[PDB]
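*Asks:* Handing you a structure now.
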Amino acid sequence: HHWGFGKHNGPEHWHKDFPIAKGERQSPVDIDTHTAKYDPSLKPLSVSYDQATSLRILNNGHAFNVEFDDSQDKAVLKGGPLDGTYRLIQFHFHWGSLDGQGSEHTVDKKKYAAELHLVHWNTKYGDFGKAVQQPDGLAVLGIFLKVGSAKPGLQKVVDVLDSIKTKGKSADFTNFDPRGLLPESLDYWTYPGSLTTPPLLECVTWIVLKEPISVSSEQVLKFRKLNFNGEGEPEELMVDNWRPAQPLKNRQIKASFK
Ligand SMILES: [Zn+2]
């Protein structure tokens with residue numbers, strides 16, 4: 001028995017094993033576009049993914065991660081509200097059972113079909129494990145997905161999902177370019193938050209892009225064929241692996257645009 005997204009172990013339960021779930025800077029949150037403040041001081045984001053080296057793609061029981069080599073500054077994020085260099089370690093998605101839900105963050109209460117998270121850690125702290133223990137340890141780039149036209153750059157990921165259907169399964173996944181998942185504009189909101197699954201550590205600077213990226217219904221449908229369970233166990237479909245919006249509390253959401 002452990003945390004998950006079921007009826008008896010879902011987000012509403014998590015606080016029993018992870019008290020920080022009721023913390024002061026939990027994520028996700030609803031972004032109220034009229035209360036967000038434009039900050040002229042925010043510099044443009046600097047995304048350098050030209051040397052990214054993907055290694056593998058694995059089904060960890062609550063989502064699937066596409067892991068990168070983070071032993072050097074190959075794929076990094078700089079600028080924006082960040083101070084220093086953040087290395088990309090993995091990206092994953094959260095999606096729903098229906099096109100009307102799936103994203104973790106919402107915009108004026110609007111939910112998207114899914115949300116892509118590109119996780120980076122602050123190199124000053126030496127490794128990922130140390131970085132999550134710091135208030136400025138992680139930077140997570142969030143991108144919304146809406147259902148419409150297919151996204152060519154995502155098909156490579158969609159095609160290998162069959163090989164990692166169940167929990168614990170992994171597959172080699174080299175030469176994948178994450179630049180094919182980025183929207184045209186890099187305008188963003190940003191706020192201090194946490195990691196949206198256990199252990200919900202409040203070490204994250206969140207950078208949520210304003211412009212969604214479109215994926216086809218067929219592509220999202222393949223996400224919904226994955227399993228939370230391990231092979232040989234009763235099938236439960238991996239859907240609705242998103243945490244509901246949390247109280248903003250004493251936080252301000254800033255926008256890089258007006
Ligand atoms: Zn996530």
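Just so we're on the same page: first chain in the structure tokens is A, next is B, and so on; residues restart at 1 for each chain, and ligands are numbered from 1 in the order they show up.
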Identify, counting only C-alpha atoms and all ligand atoms, the protein, DNA and RNA residues located within 7 Å of ligand 1, and give them as a list in words.

*Replies:*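 Listed by chain and ascending number, the contacts are residues 92, 93, 94, 116, 117 and 196 of chain A.
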
*Asks:* Write a file of the selected residues as a tab-separated table (two decimals), in the first residue's frame, keeping N, CA and C atoms.

*Replies:*
chain	number	residue	atom	x	y	z
A	92	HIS	N	8.35	14.58	-18.24
A	92	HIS	CA	7.23	13.66	-18.15
A	92	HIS	C	5.96	14.46	-18.36
A	93	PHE	N	4.82	13.76	-18.41
A	93	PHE	CA	3.54	14.41	-18.61
A	93	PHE	C	2.54	14.02	-17.54
A	94	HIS	N	1.49	14.82	-17.41
A	94	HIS	CA	0.31	14.45	-16.64
A	94	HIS	C	-0.89	14.65	-17.53
A	116	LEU	N	3.13	19.09	-19.77
A	116	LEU	CA	4.49	18.59	-19.90
A	116	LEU	C	5.38	19.30	-18.90
A	117	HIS	N	6.19	18.52	-18.18
A	117	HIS	CA	7.11	19.06	-17.19
A	117	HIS	C	8.55	18.69	-17.53
A	196	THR	N	5.01	18.03	-7.54
A	196	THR	CA	3.57	17.86	-7.49
A	196	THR	C	3.20	16.40	-7.20

*Asks:* Write out as a PDB file with N, CA and C atoms, in the first residue's frame each polymer residue whose atoms come within 10 Å of range 68-73 of chain A, counting only C-alpha atoms; drop sequence neighbours fewer than 4 positions from it.

*Replies:*
ATOM      1  N   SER A  48      19.004  26.103 -23.809  1.00  0.00           N
ATOM      2  CA  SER A  48      20.078  25.556 -24.634  1.00  0.00           C
ATOM      3  C   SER A  48      19.980  24.041 -24.614  1.00  0.00           C
ATOM      4  N   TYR A  49      19.251  23.487 -25.578  1.00  0.00           N
ATOM      5  CA  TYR A  49      19.054  22.044 -25.666  1.00  0.00           C
ATOM      6  C   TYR A  49      19.732  21.417 -26.882  1.00  0.00           C
ATOM      7  N   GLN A  51      22.664  20.264 -27.322  1.00  0.00           N
ATOM      8  CA  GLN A  51      23.542  19.134 -27.020  1.00  0.00           C
ATOM      9  C   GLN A  51      22.883  18.080 -26.129  1.00  0.00           C
ATOM     10  N   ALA A  52      21.566  18.162 -25.982  1.00  0.00           N
ATOM     11  CA  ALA A  52      20.832  17.216 -25.150  1.00  0.00           C
ATOM     12  C   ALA A  52      21.087  15.763 -25.547  1.00  0.00           C
ATOM     13  N   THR A  53      21.245  14.912 -24.539  1.00  0.00           N
ATOM     14  CA  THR A  53      21.480  13.496 -24.769  1.00  0.00           C
ATOM     15  C   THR A  53      20.470  12.678 -23.986  1.00  0.00           C
ATOM     16  N   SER A  54      19.419  12.230 -24.663  1.00  0.00           N
ATOM     17  CA  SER A  54      18.408  11.420 -24.001  1.00  0.00           C
ATOM     18  C   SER A  54      18.984  10.020 -23.877  1.00  0.00           C
ATOM     19  N   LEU A  55      18.562   9.297 -22.848  1.00  0.00           N
ATOM     20  CA  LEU A  55      19.080   7.958 -22.623  1.00  0.00           C
ATOM     21  C   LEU A  55      18.046   6.850 -22.562  1.00  0.00           C
ATOM     22  N   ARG A  56      16.960   7.100 -21.848  1.00  0.00           N
ATOM     23  CA  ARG A  56      15.978   6.054 -21.657  1.00  0.00           C
ATOM     24  C   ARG A  56      14.603   6.597 -21.327  1.00  0.00           C
ATOM     25  N   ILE A  57      13.583   5.760 -21.494  1.00  0.00           N
ATOM     26  CA  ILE A  57      12.218   6.149 -21.163  1.00  0.00           C
ATOM     27  C   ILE A  57      11.513   5.059 -20.363  1.00  0.00           C
ATOM     28  N   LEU A  77      19.011  25.251 -18.706  1.00  0.00           N
ATOM     29  CA  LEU A  77      18.044  26.329 -18.683  1.00  0.00           C
ATOM     30  C   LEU A  77      18.683  27.443 -17.861  1.00  0.00           C
ATOM     31  N   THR A  85      22.883  28.075 -13.433  1.00  0.00           N
ATOM     32  CA  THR A  85      22.591  27.130 -14.496  1.00  0.00           C
ATOM     33  C   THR A  85      21.851  25.903 -13.984  1.00  0.00           C
ATOM     34  N   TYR A  86      20.768  25.551 -14.668  1.00  0.00           N
ATOM     35  CA  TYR A  86      19.974  24.385 -14.305  1.00  0.00           C
ATOM     36  C   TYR A  86      20.057  23.335 -15.412  1.00  0.00           C
ATOM     37  N   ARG A  87      20.429  22.109 -15.043  1.00  0.00           N
ATOM     38  CA  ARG A  87      20.549  21.005 -15.998  1.00  0.00           C
ATOM     39  C   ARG A  87      19.289  20.152 -16.118  1.00  0.00           C
ATOM     40  N   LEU A  88      18.920  19.829 -17.354  1.00  0.00           N
ATOM     41  CA  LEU A  88      17.754  18.993 -17.616  1.00  0.00           C
ATOM     42  C   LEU A  88      18.072  17.556 -17.207  1.00  0.00           C
ATOM     43  N   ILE A  89      17.193  16.944 -16.425  1.00  0.00           N
ATOM     44  CA  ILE A  89      17.408  15.567 -15.999  1.00  0.00           C
ATOM     45  C   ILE A  89      16.340  14.622 -16.567  1.00  0.00           C
ATOM     46  N   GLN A  90      15.098  15.094 -16.655  1.00  0.00           N
ATOM     47  CA  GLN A  90      14.012  14.275 -17.193  1.00  0.00           C
ATOM     48  C   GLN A  90      12.790  15.118 -17.513  1.00  0.00           C
ATOM     49  N   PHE A  91      11.909  14.589 -18.360  1.00  0.00           N
ATOM     50  CA  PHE A  91      10.640  15.258 -18.615  1.00  0.00           C
ATOM     51  C   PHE A  91       9.568  14.178 -18.580  1.00  0.00           C
ATOM     52  N   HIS A 120      14.666  20.419 -14.261  1.00  0.00           N
ATOM     53  CA  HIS A 120      16.083  20.790 -14.254  1.00  0.00           C
ATOM     54  C   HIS A 120      16.555  21.031 -12.817  1.00  0.00           C
ATOM     55  N   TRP A 121      17.830  20.771 -12.544  1.00  0.00           N
ATOM     56  CA  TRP A 121      18.359  21.013 -11.203  1.00  0.00           C
ATOM     57  C   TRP A 121      19.542  21.973 -11.221  1.00  0.00           C
ATOM     58  N   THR A 123      22.969  23.345 -10.761  1.00  0.00           N
ATOM     59  CA  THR A 123      24.300  22.749 -10.724  1.00  0.00           C
ATOM     60  C   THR A 123      25.151  23.117  -9.514  1.00  0.00           C
ATOM     61  N   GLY A 126      25.261  20.257  -7.072  1.00  0.00           N
ATOM     62  CA  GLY A 126      26.166  19.164  -7.374  1.00  0.00           C
ATOM     63  C   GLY A 126      25.450  17.963  -7.959  1.00  0.00           C
ATOM     64  N   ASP A 127      24.296  17.632  -7.388  1.00  0.00           N
ATOM     65  CA  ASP A 127      23.483  16.531  -7.892  1.00  0.00           C
ATOM     66  C   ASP A 127      22.009  16.715  -7.544  1.00  0.00           C
ATOM     67  N   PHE A 128      21.150  15.964  -8.224  1.00  0.00           N
ATOM     68  CA  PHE A 128      19.710  16.100  -8.064  1.00  0.00           C
ATOM     69  C   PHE A 128      19.246  15.883  -6.632  1.00  0.00           C
ATOM     70  N   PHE A 173      16.155   5.009 -25.246  1.00  0.00           N
ATOM     71  CA  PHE A 173      15.499   6.099 -25.954  1.00  0.00           C
ATOM     72  C   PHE A 173      16.543   7.168 -26.220  1.00  0.00           C
ATOM     73  N   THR A 174      17.364   6.933 -27.235  1.00  0.00           N
ATOM     74  CA  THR A 174      18.427   7.862 -27.570  1.00  0.00           C
ATOM     75  C   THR A 174      18.097   8.776 -28.732  1.00  0.00           C
ATOM     76  N   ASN A 175      18.861   9.856 -28.810  1.00  0.00           N
ATOM     77  CA  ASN A 175      18.738  10.843 -29.864  1.00  0.00           C
ATOM     78  C   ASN A 175      17.389  11.532 -29.979  1.00  0.00           C
ATOM     79  N   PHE A 176      16.727  11.763 -28.850  1.00  0.00           N
ATOM     80  CA  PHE A 176      15.452  12.466 -28.893  1.00  0.00           C
ATOM     81  C   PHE A 176      15.734  13.938 -28.611  1.00  0.00           C
TER      82      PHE A 176
END

*Asks:* Show me, as an NGL selection string, the residues that have an atom within 10 Å of residue 153 in chain A when counting only C-alpha atoms, minus same-chain residues fewer than 4 positions from it.

*Replies:* :A and (157-158 or 176-182 or 215)

*Asks:* Those selected residues, please, written with N, CA, C and O atoms and delivered as a PDB file, in the first residue's frame.

*Replies:*
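Just written: result39.pdb:
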ATOM      1  N   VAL A 157       7.967   9.650 -29.110  1.00  0.00           N
ATOM      2  CA  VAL A 157       7.665   9.239 -27.738  1.00  0.00           C
ATOM      3  C   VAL A 157       6.423   8.346 -27.734  1.00  0.00           C
ATOM      4  O   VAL A 157       6.388   7.306 -27.075  1.00  0.00           O
ATOM      5  N   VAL A 158       5.409   8.760 -28.484  1.00  0.00           N
ATOM      6  CA  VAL A 158       4.156   8.019 -28.572  1.00  0.00           C
ATOM      7  C   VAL A 158       4.352   6.595 -29.095  1.00  0.00           C
ATOM      8  O   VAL A 158       3.732   5.654 -28.601  1.00  0.00           O
ATOM      9  N   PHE A 176      16.727  11.763 -28.850  1.00  0.00           N
ATOM     10  CA  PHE A 176      15.452  12.466 -28.893  1.00  0.00           C
ATOM     11  C   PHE A 176      15.734  13.938 -28.611  1.00  0.00           C
ATOM     12  O   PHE A 176      16.394  14.273 -27.626  1.00  0.00           O
ATOM     13  N   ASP A 177      15.230  14.808 -29.478  1.00  0.00           N
ATOM     14  CA  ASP A 177      15.442  16.247 -29.342  1.00  0.00           C
ATOM     15  C   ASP A 177      14.249  16.909 -28.653  1.00  0.00           C
ATOM     16  O   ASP A 177      13.174  17.041 -29.240  1.00  0.00           O
ATOM     17  N   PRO A 178      14.424  17.352 -27.401  1.00  0.00           N
ATOM     18  CA  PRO A 178      13.300  17.986 -26.710  1.00  0.00           C
ATOM     19  C   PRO A 178      12.867  19.337 -27.287  1.00  0.00           C
ATOM     20  O   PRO A 178      11.819  19.866 -26.916  1.00  0.00           O
ATOM     21  N   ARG A 179      13.661  19.891 -28.198  1.00  0.00           N
ATOM     22  CA  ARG A 179      13.315  21.181 -28.792  1.00  0.00           C
ATOM     23  C   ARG A 179      12.053  21.085 -29.640  1.00  0.00           C
ATOM     24  O   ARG A 179      11.417  22.094 -29.937  1.00  0.00           O
ATOM     25  N   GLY A 180      11.690  19.864 -30.025  1.00  0.00           N
ATOM     26  CA  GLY A 180      10.497  19.672 -30.828  1.00  0.00           C
ATOM     27  C   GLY A 180       9.215  19.721 -30.017  1.00  0.00           C
ATOM     28  O   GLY A 180       8.127  19.565 -30.567  1.00  0.00           O
ATOM     29  N   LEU A 181       9.339  19.947 -28.711  1.00  0.00           N
ATOM     30  CA  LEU A 181       8.176  20.003 -27.826  1.00  0.00           C
ATOM     31  C   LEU A 181       7.869  21.417 -27.343  1.00  0.00           C
ATOM     32  O   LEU A 181       6.891  21.635 -26.623  1.00  0.00           O
ATOM     33  N   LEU A 182       8.701  22.375 -27.739  1.00  0.00           N
ATOM     34  CA  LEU A 182       8.525  23.763 -27.317  1.00  0.00           C
ATOM     35  C   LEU A 182       7.619  24.595 -28.213  1.00  0.00           C
ATOM     36  O   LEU A 182       7.602  24.425 -29.435  1.00  0.00           O
ATOM     37  N   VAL A 215      -1.594  18.775 -29.772  1.00  0.00           N
ATOM     38  CA  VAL A 215      -1.326  17.366 -30.027  1.00  0.00           C
ATOM     39  C   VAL A 215      -2.643  16.801 -30.542  1.00  0.00           C
ATOM     40  O   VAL A 215      -3.705  17.360 -30.273  1.00  0.00           O
TER      41      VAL A 215
END

*Asks:* Pick out the closest residue to residue 67 in chain A from this set: A:211, A:172, A:202, A:187. Count only C-alpha atoms.

*Replies:*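 Closest residue, counting only C-alpha atoms: A:172.
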
*Asks:* Go through A:122, A:246, A:65, A:170 and flag the residue nearest residue 204 in chain A, using only C-alpha atoms for the distances.

*Replies:* A:122

*Asks:* Give the helix (DSSP H, G or I) residues of range 1-149 of chain A, as DSSP finds them on the backbone, and put them as an MDAnalysis selection string.

*Replies:* chainID A and resid 11:16 19:22 123:125 128:131

*Asks:* Just C-alpha atoms for this one: save the residues we selected as a PDB file, in the first residue's frame.

*Replies:*
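Result file follows (out-v4.pdb):
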ATOM      1  CA  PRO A  11      -3.991  13.321  -3.635  1.00  0.00           C
ATOM      2  CA  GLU A  12      -6.527  13.908  -0.856  1.00  0.00           C
ATOM      3  CA  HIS A  13      -4.735  11.246   1.186  1.00  0.00           C
ATOM      4  CA  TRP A  14      -1.129  12.219   0.600  1.00  0.00           C
ATOM      5  CA  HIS A  15      -0.852  14.460   3.659  1.00  0.00           C
ATOM      6  CA  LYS A  16      -0.974  11.436   5.983  1.00  0.00           C
ATOM      7  CA  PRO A  19       2.709  16.339   5.920  1.00  0.00           C
ATOM      8  CA  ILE A  20       4.307  18.947   3.657  1.00  0.00           C
ATOM      9  CA  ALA A  21       1.284  18.365   1.397  1.00  0.00           C
ATOM     10  CA  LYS A  22      -0.450  21.093   3.417  1.00  0.00           C
ATOM     11  CA  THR A 123      24.300  22.749 -10.724  1.00  0.00           C
ATOM     12  CA  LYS A 124      25.614  24.605  -7.684  1.00  0.00           C
ATOM     13  CA  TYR A 125      24.224  21.801  -5.514  1.00  0.00           C
ATOM     14  CA  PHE A 128      19.710  16.100  -8.064  1.00  0.00           C
ATOM     15  CA  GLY A 129      19.400  14.541  -4.620  1.00  0.00           C
ATOM     16  CA  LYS A 130      21.037  17.540  -2.965  1.00  0.00           C
ATOM     17  CA  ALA A 131      19.174  20.066  -5.108  1.00  0.00           C
TER      18      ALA A 131
END

*Asks:* Which residues are near range 238-240 of chain A? Cut-off 7 Å, only C-alpha atoms, ignore same chain within fewer than 4 positions. Put them as a list in words.

*Replies:* residues 95, 96, 97, 102, 224, 225, 226, 227 and 228 of chain A

*Asks:* Closest to residue 2 in chain A among A:185, A:205, A:41, A:62, using only C-alpha atoms?

*Replies:*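 Of A:185, A:205, A:41, A:62, the one nearest residue 2 in chain A is A:62, counting only C-alpha atoms.
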
*Asks:* For the structure I just gave you, how does DSSP split range 41-206 of chain A - specifically, which residues are strand (DSSP E)? Reply as a PyMOL selection string.

*Replies:* chain A and resi 45-48+54-59+64-68+76-79+86-95+106-107+114-122+138-147+170-172+188-193+204-206

*Asks:* Find the spatial neighbours of range 109-112 of chain A, counting only C-alpha atoms, within a cut-off of 7 Å - ignore same-chain residues fewer than 6 positions away - and output them as a list in words.

*Replies:*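 The filter keeps residues 30, 100, 101, 102, 103, 144, 145 and 146 of chain A.
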
*Asks:* What is the CA of residue 248 in chain A-CA of residue 17 in chain A distance in Å, reported with one decimal?

*Replies:* 21.9 Å

*Asks:* Just checking: using only C-alpha atoms, which residue out of A:194, A:217, A:9, A:155 ends up closest to residue 134 in chain A?

*Replies:* A:194

*Asks:* Using only C-alpha atoms for the distances, tell me which of A:39, A:99, A:233, A:184 is nearest to residue 219 in chain A.

*Replies:* A:99
